Each structure stands twice: as structure tokens, then as C-alpha cells.
Amino acid sequence: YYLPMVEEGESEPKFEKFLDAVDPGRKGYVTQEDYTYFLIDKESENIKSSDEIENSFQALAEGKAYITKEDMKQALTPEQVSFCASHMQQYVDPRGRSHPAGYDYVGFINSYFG
Amino acid sequence: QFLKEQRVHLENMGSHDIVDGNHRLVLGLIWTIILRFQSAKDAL
Amino acid sequence: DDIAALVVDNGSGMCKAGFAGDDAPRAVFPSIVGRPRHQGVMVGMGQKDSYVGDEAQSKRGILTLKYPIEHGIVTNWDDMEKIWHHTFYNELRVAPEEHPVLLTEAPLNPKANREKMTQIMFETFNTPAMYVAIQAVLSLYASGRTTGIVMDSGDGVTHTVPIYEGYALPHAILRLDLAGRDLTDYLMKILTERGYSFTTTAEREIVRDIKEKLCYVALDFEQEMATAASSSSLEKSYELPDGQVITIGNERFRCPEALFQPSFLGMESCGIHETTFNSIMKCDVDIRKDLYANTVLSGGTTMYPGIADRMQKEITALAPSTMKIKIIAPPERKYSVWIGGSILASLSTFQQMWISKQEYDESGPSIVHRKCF
Ligand SMILES: Nc1ncnc2c1ncn2[C@@H]1O[C@H](COP(=O)(O)OP(=O)(O)O)[C@@H](O)[C@H]1O
């Protein structure tokens, strides 16, 4: 897992989010099934909810609010990449400026699956 | 020898070639110089 | 348009290199590697492990000359890497990462030669694209005709290949291991009869200079023997580097005659004229009269004075009398292959045929057999 560790007096939110997904009650311990549920939801195949698609195109975009076709083309067939480029719009950042290559998955997912 | 210390690869280069005034080897030396001279620790 | 490609001809004797789209190569230099053999006593002169190319020719007195390419095959790959590095950096002064390279090699060669050449030109020099071509096809480009049989004789190997209307017949390609180095060795052997003895590798270049300067192909062999026996008008005088004067005489037209009669060397194979005729007869019936009219000579070994008349007369004797035989020898036939390379390297339709770096990465060095030829 891409988790930087032991920064000099700094707090990161990835480990906190993982701990909340595993043990939301802050029990301090994870059982065999508590980690197995995370492993099963992280491993493969079937999907329960669209929220994992929501925050997994964020991880595919490496935390960026916009994604590119080149980033999508190391994981996905160019058939589906052409589909995505045809049906998903251009990204607008919080500053308001528009990249020519900026693509928003948030609006697309909330439009089709919401 | 200082250039060889920096592991810059020179071929068919000699001191007597530079002293004698050979054109091609001098130009090659200049060309080669131009190309080649411009805790978390505990967790891992 | 964008960046121009590099054209490199690696014959067995001499290496030639230049930019694509140019008329003549920029760098022409012998393919030798020299290393010293005596003791070194002067402290502070600096060291030099190897002498590459022309630099080894001037200081050849204190070196043992070694040839990396033998009979068209690369035997010592390290010296080939040294020669290629010297060509790229000292002779042309170009970074190899920006340019594609086009290379030349013989018709019939071992597979490992091409595989190792592709691996070397991709792995170390990091060229973006590369290609391998047959030398005689490039000669047919240099001539500018679509149909003909082309015979190329270098320092390593002689080969004949016929091409009709852009299609090359693979079963009619003939390869013969009789070239300029064998003629140089035969000249070294027959110069013993007059009393001159050359043994070390330094004197081989002197014998080669003698052969290039004072040798010619006799039109009629026995008549020239009679003439040289009758008079002394055929003798010529040459001056050695140390100042002695030698006089060849009879051996001027006996060294290049050995191409037409390989039994002088002990070889069982036929002459070059019979090889060309047999390679013509291996083809089909309908294209033979076109091949008779478009015979092309290529390579440096065919630069003897009087080679064209002897070849035309021999092939006229062997062929049926009802057809005409013409031999097309351009005056600049030494560099013909390289010129053809330039004509190939900057065609618009050729740009889709380079071996891409990604293709090599995903295919290994075995991609060169699927492409090229
Ligand atoms: N002017 C010449 N006359 C006769 N023979 C020559 C001449 N120039 C070169 N040669 C012969 O051709 C050889 C060089 O041929 P070259 O074209 O360099 O072969 P390759 O390029 O295929 O190695 C020399 O070894 C020499 O024997």
C-alpha cells in the first residue's frame, strides 16, 4: 500500500481512513475478519456500492480532482477509453480554470450512477 | 585522467593526439565534454 | 522535416558513415583495431590501450593490427563496439539518441549476427529506431533500375543476387568466399618468388597499397604471359616506406586473375563470371534476357582496370550468342551501397518500416527476422 510513514510531526489521512474503514470505533485492534472484510472489499470482482467507484477514480487519478486519457490507458482497453472520452466531460478545478486535458470523473459518475 | 575519473567514456583518445593537433579527436573531446557535463527508513 | 537518419555501411574492410539524404558519406575509414606490442619506457607520455581506425594506420609500426570483421562476420564484438563509438562520437559528432540508423550486411549470414547487432544498437547506444538491409539491394537502388542482377565484391565476401521488377528470388542468391583479403594474401605469397618477404600485419597494408596501385586485370591471360616473358615493358616500380625500391613486373596481372580461376588459391569453387552466369540460369526463363542487359558491378574489389571487358567477354562466351550482354559499372561504384542507403533512408513511404524501440522492448531481439529481410 502506498502509505508514507513516520513523517516528522505530521499526520496523513490515508491511514486514518483505513483505520476508520476497518475499526470505526477506535478499538485499537483488528481481528482476523476485520482485516479480511477490507481485503475482500479491496481485492477483486463484485461491487457493493458506487462510493468505491467515486473514491477509486480518485486513487486512479492519484488524488487529483482531474484525470487524463494517458492515465486511463495503462489500465483500461482503448475501446473503453474512447467510450469514456466520448461520454465524460471536462473538469473544472476549485480555482475555476479549465485544463484542456482535465477530465472530471465526479460529475460523470454522479450523472450516470446518481 | 580527471575525465576518466568521472566515468565519461572516451574512445580512441590519447594525450599525444591532443598535443599533436589532430582535428577530429579534439572536436570529439569537446563534443563528449558538452554531452556529459551539462522511521520511514525503519518502515521500508 | 524532423531529424535526419544515419546511414552506416560496415563492410569487412572499411567503414563508411554519413547523414541520410546526402550525396556522399562524411566519414570513411578502415575497420581495424591496433594494440601495442613493445615495451614502453618514457614516463609521463600517457597511456592508450587501443588505437581505432585511421589513428591505428599512422602508428602501425608499433601495433598489432586486428580486424574485427572476418569474412563478413563479426567475430570480436568489443572491437565492433569501439569502432561504432568512434564513428558516432569522433567522426560524425552526433548523439545517437536523436537519430535512427540504417545498417548493411551480407545476404547469407548466421542469425546470431543480426540478433546481436540489433541488441547492441538498441541496448547501449539507445537509438530510437533501426533497420538492416542487404548491401546489393542498396546497390540496385544506387543504379536506379527496377530489374537486374547485381554482383558485389568487398573485402570479406562476394555475392550475386538477381532482382526482377522489385521481387528478389531467394534461391538464386549465390555467396562466394573470395574477396580482397584473399587476393592480398595471394600477393604476399607470390611476392616471395622475387625475394621480397612481408610477414607481420604491418606489411599487409603495404601489400594492399601495392595491389591497389599497380594491379590490373588481363584481357587474355596466356597472351599476357607471352608478352611479359618476351619483354620488360610490363614492369613497374614502387617505393617502400623505408626507402627501398621494388619492381613487380609479372605479378601485376596474376593476383587479380585469381578471381576468375580460384584454383590458384586451392579453392574448388568457380570464378566470378561462372558464378554470375549460374545465378542467372537459376532464375526463370522469362526474366533471363532482362538480367543479361542489366548486370551491375558493386564494391571496391571491382575497381581493377579492365574488369568490365573481361567480365563481358566471359559472360558473352558462356551465354547463347543471340543476345547482348552489357555490364554497367558506374565510376563511383565503391560507395554505391552507401548512396543506395541514403535513397532508402529518406523515402516518405519508408518511415513506417523502422523497427521501433517499443517493439524491440516487447519482442526481444528476435524482431529483426520478422521485419527487414
Ligand atoms: N582502387 C582499387 N583498386 C583495386 N582494388 C581495390 C581498390 N580499392 C579497394 N580495393 C580492394 O577492395 C578492398 C576494400 O573493399 P571495400 O569496398 O572496402 O569492401 P567493404 O566495404 O565491403 O569492406 C580492399 O581490401 C582492396 O583489396
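Residues numbered from 1 in each chain as written, not as in the entry; some residues may be left out. Chains lettered and ligands numbered in written order. Part of a larger assembly, values for the part shown. Heavy atoms only, no water. Residues with missing side-chain atoms left out of burial classes, pairs and counts.

In its metadata, the entry names cryo-EM as the structure determination method and reports 3.6 Å as the resolution.

**Points about the sheet that holds strand β9 (residues 101-105) of chain C**
Residue and element names in this part refer to chain C. With mixed pairing, the 6 strands of this open sheet are ordered in space as β3-β2-β1-β9-β10-β19. Each end of this open sheet is capped by a strand with a single partner; those strands are β3 (27-30) and β19 (355-356). Both strand β10 (residues 129-134) and β19 contribute to a ladder of 2 bridges, which runs antiparallel. Paired with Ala129 across the two strands is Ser356, which belongs to β19. (Pairing = 2+ DSSP bridges. Helix = DSSP H or I, 4+ residues; strand = E, 2+ residues; numbered from the N terminus.)

**Here's the deal with the pattern of salt bridges**
One pass over the full model with this rule turns up 18 salt bridges over all chains. Here B:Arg24 ties to C:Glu55 by a salt bridge, and the two come within 2.5 Å at their closest N and O atoms. Note that B:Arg24 is positioned in helix α3 (residues 23-36) and C:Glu55 in helix α1 (residues 54-58), a pairing that runs across two chains. Put simply, C:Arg35 and C:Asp79 hold a salt bridge, and the shortest N to O gap is 3.8 Å. Here C:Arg35, found in strand β4 (residues 33-36), pairs with C:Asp79, found in helix α2 (residues 77-91); they are 44 residues apart in sequence, far enough to count as distant. (Salt bridge = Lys/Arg side-chain N within 4 Å of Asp/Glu carboxyl O.)

**Regarding the site of the ligand**
All names here are of chain C. Near the ligand lie 16 residues; those nearest to it are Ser12, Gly13, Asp155, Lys211 and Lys334. Here an oxygen atom of the ligand and a side-chain polar atom of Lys211 are 2.3 Å apart. Side-chain polar atom of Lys334 to a nitrogen atom of the ligand: 3.1 Å apart, as the coordinates give it. Coverage of the ligand by the protein amounts to 91% of the 570 Å² it exposes when considered alone. Broken down by secondary-structure element, the contributors of at least two residues to the shell around the ligand are β2 (14-19) and α6 (201-213). Ranked by the residues each element gives to the shell around the ligand, the list is headed by α6, at 3 residues. (Near = heavy atom within 4 Å. Polar contact = N/O pair within 3.5 Å; in protein donor to acceptor, adjacent residues only side chain to side chain. Areas by Shrake-Rupley, 256 points an atom, 1.4 Å probe, with all protein chains shown as cover.)

**Section: the interface of chain C and chain B**
The interface of chain C with chain B comprises 18 residues on the first partner and 16 residues on the second. Taken together, the connections running from chain C to chain B amount to 4 salt bridges. Looking at the side of chain C that touches chain B, the elements with two or more residues in it are β5 (51-52), α1 and α2 of chain C. Counting residues per element, the side of chain C that touches chain B draws most heavily on α2(C), at 6 residues. Among the residues making up the side of chain C that touches chain B, the classes are represented as 6 nonpolar, 5 polar and 7 charged. (Contact = heavy atoms within 4.5 Å. Nonpolar A, V, L, I, M, F, W, Y, C, P; charged D, E, K, R; others polar.)

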